[PDB]
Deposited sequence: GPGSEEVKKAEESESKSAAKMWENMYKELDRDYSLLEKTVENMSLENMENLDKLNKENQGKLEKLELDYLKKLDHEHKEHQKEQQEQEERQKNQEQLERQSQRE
């Protein structure tokens, strides 16, 4: 007879249990629902592509400057050797 009072007491405390841990997980689930969106990854890949392209452009310009610098000194050295054979006075 007293069992029925124990079943309703256990069911009431169980109902207040599964509801309470739902409230805690429902608050944590909202933090997981927000961190899903996506934009942080799209912006991370876009930010790395800009820095990587700034490296390819600064290196290519530096190599193009050195290649143009070499050709300038070669054209000037050949013009100096020409002015030397002209002076070489006999």
Missing segments of the deposited chain sequence, listed N- to C-terminal: 1-4, 42-43, 95-96, 99-104
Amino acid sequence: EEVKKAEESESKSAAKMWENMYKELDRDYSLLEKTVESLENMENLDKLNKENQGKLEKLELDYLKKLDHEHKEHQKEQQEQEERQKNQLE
From here on, numbers count along this sequence of modelled residues.
Residue stretch of maximal mean CA temperature factor, 28-36 vs 59-67: 28-36
For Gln78, the third of its chain into which the C-alpha B factor falls: lowest
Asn44, C-alpha B-factor rank within chain (lowest, middle or highest third): highest
